[PDB]
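In this document, chain identifiers A, B, C, D, E, F, G, H and I correspond to the written order of the chains, with residue numbering beginning at 1 in each.
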Amino acid sequence: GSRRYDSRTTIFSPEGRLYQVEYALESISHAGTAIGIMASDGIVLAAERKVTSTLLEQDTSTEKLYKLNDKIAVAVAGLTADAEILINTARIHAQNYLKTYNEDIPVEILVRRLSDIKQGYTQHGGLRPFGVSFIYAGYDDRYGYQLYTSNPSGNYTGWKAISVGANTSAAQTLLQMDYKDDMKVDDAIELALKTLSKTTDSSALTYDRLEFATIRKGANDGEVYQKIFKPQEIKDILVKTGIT
Amino acid sequence: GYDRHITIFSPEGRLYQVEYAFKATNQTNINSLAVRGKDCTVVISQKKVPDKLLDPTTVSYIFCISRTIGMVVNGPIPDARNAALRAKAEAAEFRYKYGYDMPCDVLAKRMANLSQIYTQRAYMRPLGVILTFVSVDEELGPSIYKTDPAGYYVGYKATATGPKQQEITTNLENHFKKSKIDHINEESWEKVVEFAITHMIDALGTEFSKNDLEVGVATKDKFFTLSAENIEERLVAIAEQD
Amino acid sequence: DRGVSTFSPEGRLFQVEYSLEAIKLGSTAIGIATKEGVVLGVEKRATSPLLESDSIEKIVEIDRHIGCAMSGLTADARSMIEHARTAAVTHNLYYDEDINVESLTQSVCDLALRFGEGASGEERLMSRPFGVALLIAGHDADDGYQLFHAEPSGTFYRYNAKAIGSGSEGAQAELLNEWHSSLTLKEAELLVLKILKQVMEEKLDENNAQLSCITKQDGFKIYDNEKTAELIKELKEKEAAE
Amino acid sequence: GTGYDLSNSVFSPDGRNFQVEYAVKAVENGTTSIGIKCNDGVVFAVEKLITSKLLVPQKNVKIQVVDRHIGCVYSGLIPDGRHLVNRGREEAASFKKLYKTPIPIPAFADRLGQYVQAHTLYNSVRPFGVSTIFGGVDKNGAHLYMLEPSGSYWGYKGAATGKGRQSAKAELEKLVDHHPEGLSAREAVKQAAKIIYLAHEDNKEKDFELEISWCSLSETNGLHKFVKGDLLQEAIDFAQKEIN
Amino acid sequence: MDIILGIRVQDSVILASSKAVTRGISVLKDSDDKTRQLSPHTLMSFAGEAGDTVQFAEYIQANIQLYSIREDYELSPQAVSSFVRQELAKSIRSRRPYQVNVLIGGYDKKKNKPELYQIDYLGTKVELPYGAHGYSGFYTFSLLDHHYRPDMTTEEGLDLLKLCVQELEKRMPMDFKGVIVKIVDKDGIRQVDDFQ
Amino acid sequence: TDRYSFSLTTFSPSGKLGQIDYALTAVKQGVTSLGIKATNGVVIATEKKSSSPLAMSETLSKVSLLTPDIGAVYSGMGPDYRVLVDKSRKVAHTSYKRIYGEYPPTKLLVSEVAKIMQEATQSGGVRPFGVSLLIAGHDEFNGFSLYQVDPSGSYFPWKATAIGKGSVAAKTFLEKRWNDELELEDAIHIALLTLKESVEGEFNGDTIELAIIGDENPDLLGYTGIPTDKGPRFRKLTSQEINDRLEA
Amino acid sequence: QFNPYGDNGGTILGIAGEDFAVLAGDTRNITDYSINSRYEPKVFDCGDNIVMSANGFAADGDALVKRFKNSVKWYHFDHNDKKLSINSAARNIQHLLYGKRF
Amino acid sequence: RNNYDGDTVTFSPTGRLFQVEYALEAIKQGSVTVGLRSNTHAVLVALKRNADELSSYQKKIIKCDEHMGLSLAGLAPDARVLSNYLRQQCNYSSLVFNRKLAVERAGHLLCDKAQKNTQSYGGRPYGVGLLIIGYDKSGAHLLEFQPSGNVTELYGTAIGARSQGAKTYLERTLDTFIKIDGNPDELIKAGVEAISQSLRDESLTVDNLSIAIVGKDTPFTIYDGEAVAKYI
Amino acid sequence: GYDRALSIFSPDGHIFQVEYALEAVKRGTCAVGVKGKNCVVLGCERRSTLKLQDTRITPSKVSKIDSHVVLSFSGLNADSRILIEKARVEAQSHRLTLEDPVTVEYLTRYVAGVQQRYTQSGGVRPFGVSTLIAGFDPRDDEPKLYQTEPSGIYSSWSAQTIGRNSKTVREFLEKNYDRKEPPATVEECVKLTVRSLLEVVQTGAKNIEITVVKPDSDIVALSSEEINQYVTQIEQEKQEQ
């Protein structure tokens, strides 16, 4: 029969690891780094594009930053295409919660379901895990600003600041040294970029090779705003950090 | 390498099972060719009957698919018949649903898309055959369309298939460079058959009795095959020009 | 490697043969059939001294007139137990009567070879056979007191006495000696202890071995530790005697 | 690569399907069986090897009938042959239920053809271990077909398969040449007996029982019938004297 | 139908719900509670066809309990009521519809308000200061329209209710065997010891 | 019996997905196609590769209309392209036009194609598609656009690019020439040059296929009377129109 | 409307003696005002010393008797040729009937 | 050596199905059983195998209808599937057509049933052989089933360990026994003799011998225990 | 359609996919449970091998199943979630049909069964998870502590531990838990739990979490400050004498 051709994607190694997950994580280590940092008054998401030609159209590009919802966003690292599948089912989970309960979906609840999905690919049906890691940034009113991460194993964890993809050992260390809790949002913006300057394998860090986003309850009214920075806004912020 | 056993990519980006299926097409050692007249289309195929115990009348690689479409197959008979039946079914279903006779080129397209699927899905094997469809289409005139195990298809001015395909093809390429047109300039199909047999004897360097060939002809609103006798008529006509 | 339903050149099912190696490794279990009843005993084999050994249930009730003991991967047995209970109860719903022990066992054994990859339904299948054997003990009016050994090969055998698990090899040569027609129930209880005490690594006591019997009059009962302790002692005394 | 011969739908690099080729060996290895077209009917015959004297003579019938007018006989794996007829019978019943007319022999050949070819398409199934000789009388006269594990079939004047196939084929080639005008049914029966006796001489070591049937327009009325009693005897006689 | 009333005063929500259960010709019981607590600060009362009413409530209950455990959190009364409405709205186009009407009274700890929701068997939901199901509205809305003030105390609420139950005892053909009354407030849910 | 319910594309220990890589190799071996974006239009172009001179190359469309405002071209295995075109046209109707009564905008249709491609990268019993597509279109709220879709399922927008054999060379050549004030006629001019490097056979309107997403063509609508329906923005060029331009 | 039922009856009578039992029925089978048979027996021996009769609509009665006998035969196969006690037979028949409760 | 024995859908290059051949090997390792017939009766005789001195003797004979039944040698659960499948076909023939099912047809059905498992991925073949006897509208019958699918009609035979003995004896005894018409006991004694050219180091007891008989005016019935002392 | 048999027997009678599953547990963080006269306490270690960890939102290691039963685990975290969801659902369903909450034994038995099923069905691998389940039965004060493991085997324990270095903390307890005189206070029982973790965690209440289950659904997690007292105070006893 065809069980000769089946590389069994759901098994344990003799150490009790899941081959395909480990391998997908390996894959992810070569993706653009992404970063999330949470302040008491907002969240920052920053990410590095895969070295992009001069002819590539950077206005309409959205390789790493995606809106799930009016209040939750993700930064991706890994296979774009795999991610867009996941993003989309999540956008729908949010809508279903909203429609059942007439309340926007709490961030963890969403994160958990999406992680539960990845977990299933890891335990049944012989398909290959999704080669994606996610940073989720969101606001709800049970826990305010929140930051989470998930990977191909289905595991998720919450963070004050975190990175995924390339050079995370390096980047984690550097945040660990400079993060403080009272941190304001414009502090976090600055810290996010410092970290990618140091971390990037490319010799400079320039506007055309970044995606950037914030979630502010700022300013006057209690409502929450999500901003995905355009190329010109990112160039300005880079001058203003004297990284350029 | 199991990238050799099923339809997945080799590291060079190749589907060996597709390549090996092409190879199987030549197992019968039969050559075939098709050409176009002013208002007909003709196919010619060798016919070999090695065994003395076979009923010769049952030995054929040419099929009447529909009222209007003929198909000739290069390759082993079981796969030929499987593709024949399939196309018969498709052509009839098309008519029922859309209210007109299925066109050659569209049927070719469909049959090609079926082949394409065996190249992408693993539990299906490609068929070891090359189908040449002919008709006189009501929109397009005399037409020839060819399909292979890659899932590829194209229309032809004329064409030839088999081991000695190259000889035959170059012979025809030459003829049309001279003649400057894309068809045999002939009113009667009886002479387009004569042309076809002639231009084939010269390319294969070999002579034919009436039992060495099969012929099929597509006129406007019928595709039919010839009997040894209507063939014999043609071989006599050719001989009158020594 | 090679599918789970394959035969070895000796005509044996690999997965089933290997199943039996799991069973040789499990705690020990012994059954003895008499005219006054049937006794069932087990080694508990706590894995650490913090383990509350009450919680180790290797002897279970199936109906009032039928009990069960197990050695092997004991998790595997929870669903064989479920099926057997369901079969006994179900029988009695349809027939206003107790199921025959024989029939109940045959029912359990029918599960054993339903494993595979197969397809698709009618039914789906276990991926592997069960890694557990059972002694099934009961009374019915047709054949009286009865001990069966039900293995994952699907076969089952009646025994006047039987032992399964890590002890079985010697434990059985010992049963061959000791057993005769005329054993009283009490003789049989002590025997089972005698043989467990021998083959257990641990020093036997009321906390690491457990006893049960089934009699027509009182059905199947597990014995408490106090009742068992007093039979351990009872045996200690007869050991003083030669 | 190697192992092009382990899986059933696979093409070797020379263009071939080795599992079908191996099924042909299972056939070459079976007992001898044949078909002879006479000029209003057809005749089937088959060597039944006698393992032991404990077989009941007359009673292990290897020729099978389909509908009322078609005979099949096969060399190779017998249970596969029976399986194939069971299919053939469904096909003929379906055809007749819908179209009223009993199935035409060519139509019926292609039915088996397609079903057999179908078992060379997938690795999860195994090709048929038989060649099948069959035919009968339709509204256009007599037809004799033979069908290989690959689903190749053609029409024959005569046909043979199994161990004896070469002595039989040579012998049939005779008949064709030394009776160009056609052969009467009753003569074709006797010839068939002869030919089986001639082809038996590959393994004289074993004793054998002969079985013959015919479907003839004049003699059996276009229905398929076994030859037995006096006519069977008379054809066994003709076979004895043709040996000496 | 049976009697299902509710009123949202200033600091709590009061639910009044008839005690009788009758099967045709006999009154089978005179002490039946037509409520389930869905979470500590959320109470649902209900009425409609036999079997359906309870099955539906106990199913809603178990779902909200499941939610609470899973999230270690108590859904807002608004959310519970939207959940319930959606379930009823699925029921109507189903093979056999749940014929059940409910009132949901909750205290919303996050906004420190009481809230009353009325939902009929079609999934028609509405937030109200006072409500009822079936014919119960016909007798009592006159009085509530007149007397209701949003700043009423619980005691005032209970008086206004006493008057409503009297009007029902007077003008309504059925003997519904009194009511059980519960209060949902910031400290949770309790039952009024006696409606004498 | 489809036994093959498991992925045939899996992660190697290095993190590669071999079958996606190998598909990309098939693409690289394919004939050069390219696309370039002007301000008032987009052009996509490729080389017809006549397999016999007896074949009629007009009967091979390498450039395909997907919707009246959207076209495609490819490098790699043409059969895989043919069935992706069928699939894409259908999904534009079922998952967009049948709902909103208008054709999907370029990027959304690209997602749908991308998605199909991804599925063949993860589902049971299939290999990935061995093509890269360039898709060009226009829609009222995004204007003109150009996307590349890869076997992995990944896509990305471009001002201009190229795929297949000569693509590194051609991408270099396009960087020299592309500005953001390019008018459509000028981009065609450039497309023709950039193609001409990558080809040593005959180079003219019979061996070159080329389409534009431009102004609306009411002469190609088929009916008159609804002032709000203007023609398709998509148009293949004629053998003639091409040679005409091979003067400049 | 096709009406799937009919009435052939039929009268049957069963009496329990103290060490014996009888079961009796007329042998006449009717439809409306017609006789179909003057001898069409309706009491059957089903063989674990059990006699059965199913009076009413003849076709449904025949189906039931068939099914029960088959049940007896399968009880044997399945329970080591055990004899089927009358009370077990009765339970078994409740199940056959209730099987068609609707 | 032998990649070709991994499943049933794989032919060897010589043309063999190894998995089937390995299933036939389970039969030879089974305990011996013998079948034979006159024109009026058919008889099974079977040697049952116990595990210990403490254990039952596994039954080898199964009744399939009043007029038919069989003995097994090899994988017992498998016989249980097949004999059950047969009971159903015997039953279906009675209920639907009011007809005792012919032994020839039961033969054909078992063949077709076994053949399924030998052409399909995932199915192992059956690991049991069977002797079936029946008395039907054309008198006494005996069949031998193999899990390859081949069924063959015989006057006598045996299957299982050392059965070559019992078979050679039957070949020589033939004309004696073929005429034991209207005599049940003689035919049994002639079966029991046969089964003896097959015992190595043990002889027939009351506990290990089972016998069945069927025929004209005698329904398929099985003797064991006291009932068989008669002939031992 | 994917039903490949992944948990099968090898020739020595072992089932490697299940044994490999235990390897995942051995790599998981240590968890431990000990029972009092009338509390049960569950303690688990954290990795502070990273410390920008948002501890209020990040999944806890101890989970409520019902208001009277908790469950903790070692091994694959993603896998744990699925056992917990199934359990929570079973607990609510049990109330619905029997009108009583689950016994701890029942709930354990349920979860073990799920685990077992996944060692015997096509298309799936076993759970990389081992569990401790604790609580009190309804209207009952005798505390319960149960353990499950990937094979589906379960049993109860006076006290027990699982995860990396479990065999070290098992030693410790194997000789510090008196079955005749189990910890009579909560405070006492919490102390014995922290003690046993301190053999292996070796930082402090940064890395420890405790949860105390008492009768009548009285469940509570400690905050690091109050846990700290138990740590700081364990020091004064080991050193001075």
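Quick note on the criterion: a residue touches a chain if its C-beta (ideal position, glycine included) is under 8 Å from a C-beta of that chain, and two chains touch if they have at least 3 such contacts.
Counting hops only between chains that touch, chain B reaches chain G in a minimum of 3. Counting C-beta pairs in contact across B-F and across A-D gives the higher total for B-F.
Centroid distances from chain E, each centroid being the mean of CA atoms, peak for D. Chain C and chain H have Cα centroids separated by 32 Å. Averaged C-alpha coordinates give centres for chain C and chain E that are 57 Å from one another.
Averaging Cα coordinates per chain places chain A and chain G 74 Å apart. A separation of 72 Å divides the Cα centre of chain B from that of chain C. Shown for chain A are the residues in touch with two or more other chains, namely 1-6, 8, 125-127. In chain G, there is no position where the chain touches two or more neighbouring chains simultaneously.
For chain F, residues that reach two or more other chains under the stated contact definition are 1-6, 8, 124-125. Residues 122-125 of chain D are the ones that touch chain F when the two sit in their complex. Looking at the complex, you find that chain B touches chain F at residues 6-14, 105, 109, 112-113, 115-117, 119-123, 145, 150-152, 154-159, 169, 172-173, 176, 182. Per the touch definition, chain A reaches chain C in the complex via residues 1, 3.
Every residue of chain D that touches chain B in the complex is listed here, in rising order: 1, 3-4, 7, 9-16, 37, 106, 110, 113-114, 116-118, 120-124, 144, 150-159, 169, 172-173, 176-177.
By the touch criterion given at the top, residues 3-17, 37, 107, 111, 114-115, 117-118, 121-125, 142, 145-146, 152-154, 156-161, 171, 174-175, 178 of chain F touch chain A in their complex.
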